[PDB]
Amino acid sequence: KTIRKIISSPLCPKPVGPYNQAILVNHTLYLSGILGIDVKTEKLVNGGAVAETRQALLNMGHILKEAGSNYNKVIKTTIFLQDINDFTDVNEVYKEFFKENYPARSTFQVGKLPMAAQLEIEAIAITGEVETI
């Protein structure tokens, strides 16, 4: 049998809808795309792409920790941008969170994001013990 666990953290925003913040399948954690929402206001943080990146990655950490993962167990990220010219600024914030054994990554500019956001970040991570060889 496969072990599925529904992952939720009240520290990470959860706008209404038929989705879960993350789903754990054995040791592989599939995270929903994260916007830079302030959990208190339920709105995007002010300040644009830098602030939204930072907020999204802080929010992500609550989901990773709830599942028994962490930033240094993230396998792959996808960065959806409203504007490819924000990449440099987004990547500088990304380096605040990802310091070693860096994830695989894809990045592109989309047509639009929900909530008129400047980005959205999706990730896959590993839970439990990880030997990096």
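Residue numbers run from 1 along the displayed sequence.
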Higher of the two mean Cα B-factors (116-124, 18-26; per PDB record) comes from 18-26
Mean C-alpha B factor from the entry: is it higher for 76-84 or for 91-99?
91-99
Comparing C-alpha B-factors across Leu35, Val45, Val50, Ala67 in this entry, the winner is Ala67
Among the modelled residues of its chain, the C-alpha B-factor of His62 falls in the third labelled middle
The third of the chain into which the C-alpha temperature factor of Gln55 falls is the lowest
